[PDB]
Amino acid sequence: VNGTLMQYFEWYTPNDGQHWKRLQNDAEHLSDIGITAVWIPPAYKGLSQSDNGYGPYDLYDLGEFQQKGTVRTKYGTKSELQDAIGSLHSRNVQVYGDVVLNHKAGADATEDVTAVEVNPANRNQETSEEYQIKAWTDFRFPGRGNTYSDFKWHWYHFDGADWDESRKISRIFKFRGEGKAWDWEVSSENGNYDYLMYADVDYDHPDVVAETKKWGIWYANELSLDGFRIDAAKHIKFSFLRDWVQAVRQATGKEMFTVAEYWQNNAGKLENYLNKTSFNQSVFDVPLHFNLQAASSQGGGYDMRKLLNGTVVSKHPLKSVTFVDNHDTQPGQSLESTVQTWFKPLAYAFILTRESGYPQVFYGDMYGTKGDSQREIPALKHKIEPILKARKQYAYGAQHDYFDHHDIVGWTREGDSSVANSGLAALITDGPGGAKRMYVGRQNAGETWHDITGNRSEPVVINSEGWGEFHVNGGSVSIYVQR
């Protein structure tokens, strides 16, 4: 059966501490609709209870130690998360944990550090003489003590930070120590993009490297994780991420599927990351997201024949996780670039019914986003579920592509003899509707097919040769399958 990932959170998921309970409760629904793996938000204690997890304070605190004035994380307690995972597993759904290793946030105290400022546009350039700062680098874990790990962090485990408590100024500070330098290889944007936010981990420090691998193995074993989602990969030494994934696989003996968030609309840079990590991990198909977003925003003017241009799925399908939107691209967020609602079902058809790539459904698209703009994403589950059913029950067999018109494009799947009544014919259009003759396999001759989305009520009969004349409404999607 085809695999389908679900990102199970959005930016505005509530800080009610009930998200793991929500997931546990949704396990049956997710398995029923065909989700086979869930990517959960960072599960460890952030700089505050309300942090989404991307400002992690203590990786070893999964919502079980009193730190930051709370036991639970934003999402709930450790036991609640373990219950959610147990429910998913009972329904043959896997769980991928989010791994936030770039930086640490929320230090317990400052320390005196010799530092230099660097150019924000070229971090390889020092722009001040050395001076003393007070940086937030002492991480002591007062509520955990030595439980699980007696490692304590200090300035020297980091390459830099962006705040000096002495002068109360925000700059990119690079620390001075013994052979300190920004890590390589990382994205070359801004000269060296090792530094992003908070206190940047130094992946040159041998103790840090060993400790982080130890943590990775611990985290997998503690939650019985089936794989990982790596946050902010372009800001972390690539050979380190390569080795870290391998270390966890060696210890567990498990596949440990991993997808990295390498946030760059550049297929060539994404391919470089794949090479530098020995093709041991997938990447999100950032270019495809941007293409889909472009099509959704040009009011019909986008050349739909070009949807696959420059995408990772077109070049390294087996290493691509395709997606429509995420918590960073949703309205009001840092990488805001939302696929417009009218086009969203078309985009889901594109990632869920095509043969290549590992598609990811976004919780915010299914259930809606709860931000404060007058342009939040509505709950589109009623439009995505039919497309998920198309994936689960019909998207099998040989695929034929029809990227042959500036608005109306489509593809078919012939079905597989081992999946009863499988096969489909999909059409999408960014402009006025119309028709397209497409081949669905001579073995489907004479069959009555119908649009599983309900957008069109008229059935299509496959002729004696395996060709059907399919129809799509304007700015819409139709996916035809056996009646």
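Quick note: we count residues from 1 along the sequence shown, nothing fancier.
J.: Tell me which of 101-109 and 248-256 has the higher mean C-alpha B-factor in the deposited entry.
T.: Comparing averages over the C-alpha atoms only gives 248-256.
J.: Comparing 91-99 with 231-239, which stretch shows the greater average C-alpha B-factor in the deposited entry?
T.: According to the PDB entry, the answer is 91-99.
J.: Pick out which of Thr322, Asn266, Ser282, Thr73 has the highest C-alpha B-factor in the PDB entry.
T.: Highest C-alpha B-factor among the listed residues goes to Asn266.
J.: Please pick out which of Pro287, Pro359, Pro378, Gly143 has the largest Cα B-factor as recorded in the entry.
T.: Comparing C-alpha B-factors across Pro287, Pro359, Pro378, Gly143, the maximum falls on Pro378.
J.: How does the C-alpha B factor of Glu80 compare with the rest of the chain: lowest, middle or highest third?
T.: As the PDB entry reports it, the C-alpha B-factor of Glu80 lands in the middle third of its chain.
J.: Would you mind ranking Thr212 by its C-alpha B-factor against the rest of the chain and naming the third, lowest, middle or highest?
T.: As the PDB entry reports it, the C-alpha B-factor of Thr212 lands in the lowest third of its chain.
J.: By the record's CA B-factor, is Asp16 among the lowest, middle or highest third of residues in the chain?
T.: Middle third by C-alpha B-factor.
J.: What third of its chain's C-alpha B-factors does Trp218 belong to: lowest, middle or highest?
T.: Lowest third - that is where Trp218 ends up once the chain's C-alpha B-factors are sorted.
J.: Grab the CA temperature factor for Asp58 from the record and place it in the lowest, middle or highest third of its chain.
T.: Lowest third - that is where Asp58 ends up once the chain's C-alpha B-factors are sorted.
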